[PDB]
């Protein structure tokens, strides 16, 4: 069943707290409407990312807070998590912050990292909650389009085996899993559709060699990207790609999932999708200037308009930088100085207040104020 129906995805307190800076900024500008819209954003659920082992320490406090909230509110709390730590992570990038490396026991270390997450998701408090978990952004798409890259060649089996173990390890009645499936501009090209469906099924099949009746709910798309759910002005760079918005990505990928027997249910990130015409190339991803908050999290079919979409969600938390634009930074990524990037920007994950100011102003539909 669609786990989002009737459920209240969890507001991430640590994220809502960061927005106090944005509220203070608008108040200091004499801008009560945008201050109030930012207050609305504080109440919008986002995903909590587990992108390293240290972050596992945040999970039990998050769960305890979630249970307290469930008791107080009478809601059916749905905790949204991202697992993002495969060994030799981000194999096609020039650099990665992933902490595990295949040549330093990374496969076993990844299993133990998953085991630590499982432990946290196995407490009596965890049992009271429901979870929606996105598995490993920037992973399997590389086996479709980046197999000319030495690091991807060396990591392909490990990505499939890693994700298989994660799936097999999180088979509980209160957990729904969505495997990351990139975005239309990556895997939506005609040549990529069938191989993508095949690798998702292959990975699920591997999971079932570990835990016999293992399942997933489906796929997560547009994670940390900006693609509109429904475009109002198709971009020139989408020429010859039928997945020119994410609703069309769902429509075009679905038949291939069905053909291979992989579940064709999707959650779609729209956290930074409010404004179009902000990029000159589809491949631009880092702190794209003038991005706006998009469609708010919802299961409403009047908006979603697809039996294959479980929900629109906000996976990447807007305001957390994609990377630094400082040319002299140790982790400088040239993508973060693209012609479309917002500069200066702080290190990946650090608060980028100027960017959130713009996410509020450029939100579509406009944010309703909470006065």
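Residue numbers count along the first chain shown, from 1.
> Tell me which stretch has the larger mean Cα B-factor in this entry, 230 to 238 or 261 to 269.
Comparing 230 to 238 with 261 to 269, the higher mean C-alpha B-factor belongs to 230 to 238.
> Do the CA atoms of 28 to 36 or those of 44 to 52 have the higher mean B-factor in the entry?
Result of the comparison: 28 to 36.
> Going by what the PDB entry lists, where does residue 138 fall on CA B-factor within its chain: lowest, middle or highest third?
Lowest third.
> Among the modelled residues of its chain, does the C-alpha B-factor of residue 14 lie in the lowest, middle or highest third?
Answer is highest: the recorded C-alpha B-factor places it there.
> For residue 252, does the deposited CA B-factor place it in the lowest, middle or highest third of the chain?
Tercile = middle for this residue's CA B-factor.
> When the modelled residues of the chain are sorted by Cα temperature factor, does residue 124 land in the lowest, middle or highest third?
According to the entry, residue 124 has a C-alpha B-factor in the chain's highest third.
> Which third, lowest, middle or highest, does the CA B-factor of residue 186 fall in along this chain?
Its C-alpha B-factor belongs to the lowest third of this chain's values.
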